[PDB]
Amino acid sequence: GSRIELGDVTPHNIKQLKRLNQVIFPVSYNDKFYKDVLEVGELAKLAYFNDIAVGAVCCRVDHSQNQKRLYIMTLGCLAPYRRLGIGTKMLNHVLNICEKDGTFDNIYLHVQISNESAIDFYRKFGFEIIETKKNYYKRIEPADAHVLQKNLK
């Protein structure tokens, strides 16, 4: 069958999503982040390894540049669960969502320029580096971030 499944984010499992993000990413988000993601439904899932929360993906919709883009705010799982196909599962999930309506031009995200393993993961699914924004992070080094975009339309 399957021992890696995805599941919803509800107000009952929100602190678990938040804990995960604290461990996985070197930036901290305040609770605006976690309030907004309660409203996007399918654009935010938790990843389970047998009812243990191991990672999550959280998205947001940007209407700008006359484009409707999907923005991946966070996608990740705890270190010992990497290279298991969990991130692919979550990415494929956001991709599966973008192509159930067809109203999307692109999907994009930010990746720190030192994070070579995230760069390799996204470029594998057809995200290209379109822009390198300098001093995008405030509190961490290196501060520069690539803009990885995948095209749909």
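Under this definition, the rigid core comprises the largest set of C-alpha atoms superposing within 1.5 Å between the forms. A residue's number is simply how far along the shown sequence it sits, counting from 1.
- Superposing on the core and measuring CA offsets in 7 other deposited structures of this protein, the stretch of 44 to 52 and 28 to 36 with the greater mean deviation is 44 to 52.
- Between 53 to 61 and 98 to 106, it is 98 to 106 that carries the larger average Cα temperature factor according to the deposited entry.
- In this entry, 65 to 73 has the higher mean Cα B-factor, the comparison being between 107 to 115 and 65 to 73.
- Among the modelled residues of its chain, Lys138 has a C-alpha B-factor that falls in the middle third according to the deposited record.
- In the deposited entry, the Cα temperature factor of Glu42 sits in the top third of values across the chain's modelled residues.
- Among all modelled residues in this chain, the alpha-carbon of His146 has a temperature factor (C-alpha) in the lowest third.
- Looking at the C-alpha B-factors along this chain, the one for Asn21 belongs to the middle third.
- Remark: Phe121 belongs to the lowest third of its chain, ranked by C-alpha B-factor as recorded.
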